[PDB]
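Contents: one structure, followed by commentary.
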Amino acid sequence: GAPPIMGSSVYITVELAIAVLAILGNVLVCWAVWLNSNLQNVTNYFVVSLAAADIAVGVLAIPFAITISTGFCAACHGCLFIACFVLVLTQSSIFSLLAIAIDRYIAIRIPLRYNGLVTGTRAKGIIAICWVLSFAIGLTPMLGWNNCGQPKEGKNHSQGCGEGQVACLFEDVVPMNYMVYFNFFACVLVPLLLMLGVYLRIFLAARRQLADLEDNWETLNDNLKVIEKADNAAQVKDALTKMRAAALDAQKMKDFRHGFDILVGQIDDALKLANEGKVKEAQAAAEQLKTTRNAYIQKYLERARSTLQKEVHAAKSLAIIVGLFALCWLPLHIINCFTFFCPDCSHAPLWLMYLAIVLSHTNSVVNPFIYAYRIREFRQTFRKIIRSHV
Ligand SMILES: CC(C)CCC[C@@H](C)CCC[C@@H](C)CCC[C@@H](C)CCCC(=O)OC[C@@H](O)[C@@H](O)CO
Ligand SMILES: CC(C)CCC[C@@H](C)CCC[C@@H](C)CCC[C@@H](C)CCCC(=O)OC[C@@H](O)[C@@H](O)CO
Ligand SMILES: CC(C)CCC[C@@H](C)[C@H]1CC[C@H]2[C@@H]3CC=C4C[C@@H](O)CC[C@]4(C)[C@H]3CC[C@]12C
Ligand SMILES: CC(C)CCC[C@@H](C)[C@H]1CC[C@H]2[C@@H]3CC=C4C[C@@H](O)CC[C@]4(C)[C@H]3CC[C@]12C
Ligand SMILES: CC(C)CCC[C@@H](C)[C@H]1CC[C@H]2[C@@H]3CC=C4C[C@@H](O)CC[C@]4(C)[C@H]3CC[C@]12C
Ligand SMILES: Nc1nc(NCCc2ccc(O)cc2)nc2nc(-c3ccco3)nn12
Ligand SMILES: CCCCCCCCCCCCCCCCCC
Ligand SMILES: CCCCCCCCCCCCCCCCCC
Ligand SMILES: CCCCCCCCCCCCCCCCCC
Ligand SMILES: CCCCCCCCCCCCCCC
Ligand SMILES: CCCCCCCCCCCCCCC
Ligand SMILES: CCCCCCCCCCCCCCC
Ligand SMILES: CCCCCCCCCCCCCCC
Ligand SMILES: CCCCCCCCCCCCCCC
Ligand SMILES: CCCCCCCCCCCCCCC
Ligand SMILES: CCCCCCCCCCCCC
Ligand SMILES: CCCCCCCCCCCCC
Ligand SMILES: CCCCCCCCCCCCC
Ligand SMILES: CCCCCCCCCCCC
Ligand SMILES: CCCCCCCCCCC
Ligand SMILES: CCCCCCCCCC
Ligand SMILES: CCCCCCCC
Ligand SMILES: CCCCCCCC
Ligand SMILES: CCCCCCCC
Ligand SMILES: CCCCCC
Ligand code: NA
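Here the sequence shown stands for residues -1 to 208, 1001 to 1042, 1058 to 1106, 219 to 307, numbered as in the deposited numbering.
Here it is as structure tokens:
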């Protein structure tokens, strides 16, 4: 086989390239949120926590990955810290992605309660708790779920390690049952399936809200046509009963309120005429509603639709981030499943292990590109920072 330094040189060069780009792009994200008060909202506090975890991949996890590739002699607990630190950063990423999804689900489900429920102060406390939990989950092997008690004595003596020392190789110190059942199934796949569930629920909520606005609108217009081609008070009365219910529903901001006030008032004016049997006076009064609709109600309808469409576009952008996380991490998890569940299978070759490691690290480069492409407020801020400060 080719001298191992040759494959190592390629691996290390690739890891350093990824580290440089992870740091630069994620620093830009943080700098943008810092500069632009329009980016300073609770959603973007989780974006910043996620960017911090990605900067720590370039600054720490990649140098650790380079180190552990050598199989250097180390105290087994020092070795575990180097092997497991990236699991803390990845767990922190999962908590941030889950928080973003739930945040967007609260914003679309109860918009009026959002600002008083989801505050900056609460977000900061959740981020701190999530970072503590990420340390506890990713460094669980350091608590004694590890192979330090069953060292590879042949590798230890071949590499010349001292006493209490092991050849520091990931799959010699970190148990595969930890990596498959605890890390992958419980701590990554369950949260990814939950996020999939939350985004589903966001898109279902948006679609139901957009459908309800269109139905209210159509109830308005159809009942207007019922009233026109009507032939007695009872008919005009029944339609105006529908319209009034529909109009109070659409209502649920001074220029807005004046609109629904006029409309409801006109509906009651025409209701009083109908109840008095005055059918043509009722119909004339109902014809008035058309100018209230054209001048106020169509404006509110188009603004509510535009807000919901923006929320759908934003939820697609954030879900793409989750999909790219899944694409970059699953290969390594799936290889661990083959290693663990298929002892009769040939182990994935080294070149494939290193490709899957590098792919996982590339995930710390991509988020700044998704933001620049998909989110106008980020792209415009990145442009200002690059033109001005470079
Ligand atoms: C990547 C780049 C674009 C930016 C990096 C920024 C800076 C701050 C990186 C900092 C790197 C350090 C944290 C690296 C730590 C390296 C440690 C883990 C190396 C350990 C090697 C060691 O212990 O020596 C080996 C022998 O001592 C052993 O065989 C005997 O005990
Ligand atoms: C995010 C996505 C949209 C795009 C991601 C792009 C991905 C595929 C990264 C591309 C990099 C590769 C084309 C090149 C990497 C080649 C590396 C993995 C070769 C390593 C060879 C190897 O096995 O060396 C290690 C061993 O020889 C041993 O010495 C221990 O280091
Ligand atoms: C602020 C940032 C830069 C601090 C980074 C400190 C890092 C590099 C320190 C903290 C704990 C350290 C480890 C502690 C113990 C051991 C076991 C020893 O047998 C080999 C070195 C090794 C594996 C150390 C490597 C360096 C290490 C990982
Ligand atoms: C999430 C997307 C990108 C799917 C990627 C699936 C990857 C991880 C799959 C596709 C084919 C798979 C390989 C197919 C066959 C073998 C041979 C066996 O002896 C060890 C596992 C190994 C080497 C598998 C590892 C995982 C593998 C590389
Ligand atoms: C993509 C998300 C939603 C699901 C993840 C699917 C994972 C857990 C699946 C996909 C392919 C599966 C593997 C397919 C084939 C084998 C070989 C068998 O001898 C042991 C089980 C094993 C190794 C499976 C383990 C679980 C596995 C890796
Ligand atoms: N299985 C595994 N191996 C390694 N590194 C060692 C690659 C290797 C595997 C076998 C061998 O004999 C020599 C080297 N890093 C690893 N990182 C992860 C990981 C992180 C998150 C999910 O899986 N899994 N993983
Ligand atoms: C991109 C800047 C320069 C890139 C670094 C060059 C890579 C050469 C370093 C080789 C060191 C190898 C150490 C031992 C590896 C053996 C692992 C089995
Ligand atoms: C918002 C600021 C981020 C806060 C980060 C602080 C994290 C401190 C370290 C966590 C301590 C947990 C210890 C559990 C693992 C012990 C294994 C040796
Ligand atoms: C296993 C599910 C993975 C599916 C991937 C979803 C991503 C879709 C990509 C379309 C939109 C991408 C926007 C910009 C792409 C830049 C990539 C660096
Ligand atoms: C070896 C380093 C790998 C980093 C690859 C990251 C890809 C990010 C997407 C860039 C797309 C830019 C297209 C511009 C037209
Ligand atoms: C402010 C952080 C700068 C840290 C630079 C650390 C460089 C680490 C070199 C490791 C040498 C290990 C060689 C073993 C003999
Ligand atoms: C900054 C406030 C401290 C946060 C306290 C974390 C509470 C931990 C509760 C149970 C821990 C379960 C860890 C799973 C391994
Ligand atoms: C054999 C070395 C083990 C070191 C573990 C000592 C620290 C206690 C762990 C407390 C974790 C609390 C985190 C909050 C859930
Ligand atoms: C989302 C699917 C998760 C389920 C994957 C579980 C696979 C268990 C594999 C058992 C293999 C047993 C091998 C014995 C020879
Ligand atoms: C990084 C994940 C995608 C990798 C796709 C490559 C598939 C080739 C697998 C062949 C390896 C077979 C070796 C076993 C003897
Ligand atoms: C705007 C409030 C968000 C604060 C998030 C900062 C996260 C920093 C954690 C650093 C841990 C790296 C090891
Ligand atoms: C309100 C915006 C504040 C930006 C916080 C920057 C956090 C960067 C921490 C990176 C740590 C990596 C070592
Ligand atoms: C006594 C040698 C092995 C002990 C391993 C300690 C690693 C954890 C300390 C790191 C501190 C983080 C800043
Ligand atoms: C600039 C960052 C330097 C990368 C750290 C390389 C550490 C490799 C250690 C080899 C252990 C014997
Ligand atoms: C991979 C993104 C490239 C960023 C271009 C330069 C921005 C500099 C940020 C400050 C360190
Ligand atoms: C575990 C991550 C969940 C974060 C939820 C988002 C805000 C809720 C505050 C009441
Ligand atoms: C592997 C399941 C997670 C995928 C979620 C992506 C949403 C489009
Ligand atoms: C259903 C799980 C039992 C199989 C365990 C296989 C571990 C090699
Ligand atoms: C024996 C090496 C085959 C594949 C090399 C890696 C592809 C990028
Ligand atoms: C210049 C960095 C060299 C990488 C470690 C051998
Ligand atoms: Na990450």
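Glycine is no exception: its CB is placed at the ideal position from the N, C-alpha and C atoms.
Nearest residue (CA-CA) to residue i, options the options
i       : options                            : result
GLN226  : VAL1016, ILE200, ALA1037, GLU1008  : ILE200
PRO248  : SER7, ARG304, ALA273               : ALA273
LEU1003 : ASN36, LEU1106, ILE252             : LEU1106
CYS259  : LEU1094, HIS155, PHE93, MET174     : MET174
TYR176  : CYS254, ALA97, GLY5                : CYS254
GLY240  : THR1096, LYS301, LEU192            : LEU192
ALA1079 : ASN1099, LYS1032, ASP1028, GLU1092 : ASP1028
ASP1021 : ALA184, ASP1005, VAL1084           : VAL1084
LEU187  : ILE80, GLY5, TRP246                : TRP246
Ligand 2 heavy atom lying under 6 Å from the CB of residue i
i    : result
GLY5 : yes
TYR9 : yes
Residue i beta carbon near ligand 22 (any heavy atom closer than 6 Å)
i      : result
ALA243 : yes
Beta-carbon gap between residue i and residue j smaller than 7 Å
i       : j       : result
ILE66   : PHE168  : yes
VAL86   : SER132  : yes
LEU1030 : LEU1076 : yes
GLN1071 : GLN1093 : yes
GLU294  : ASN24   : no
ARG291  : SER223  : no
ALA243  : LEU190  : yes
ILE106  : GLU228  : yes
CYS82   : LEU137  : yes
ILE21   : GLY(-1) : no
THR298  : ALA30   : yes
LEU1068 : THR1096 : no
Ligand 24 heavy atom lying under 6 Å from the CB of residue i
i      : result
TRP143 : no
Cβ-based neighbour list, residue i, same chain, cut-off 6 Å, excluding 5 preceding and 5 following
i       : result
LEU78   : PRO139, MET140, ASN144, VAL171
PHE1065 : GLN1041
Residue i beta carbon near ligand 7 (any heavy atom closer than 6 Å)
i      : result
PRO266 : no
Contact test: residue i Cβ vs ligand 15 heavy atom, cutoff 6 Å
i      : result
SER277 : no
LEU272 : yes
beta-carbon residue i near ligand 19 non-hydrogen atom, thresh 6 Å
i     : result
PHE70 : yes
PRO61 : yes
Distance cut-off 6 Å: residue i Cβ against heavy atoms of ligand 1
i     : result
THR65 : yes
Residue i: CB within 6 Å of a non-hydrogen atom of ligand 4
i      : result
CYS254 : no
Any residue whose CB is nearer than 6 Å to a heavy atom belonging to ligand 8, listed in chain order: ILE125, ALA126, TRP129, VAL130, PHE133, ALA134, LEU137, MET140
Residues with a Cβ closer than 5 Å to any heavy atom of ligand 6, in chain order? Cβ-based neighbours of ligand 6 within the cut-off: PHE168, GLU169, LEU249, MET270.
Tell me which residues pass a beta-carbon proximity test against ligand 10: closer than 7 Å to any heavy atom, given in chain order. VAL12, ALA15, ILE16, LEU19, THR279, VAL282, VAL283, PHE286
Pocket of ligand 18 (residues with CB nearer than 7 Å to any heavy atom), chain order: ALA73, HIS75, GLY76, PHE79
Whose beta carbon lies closer than 6 Å to any heavy atom of ligand 17, going through the chain in order? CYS28, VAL31, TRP32, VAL46, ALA50, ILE53, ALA54, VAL57
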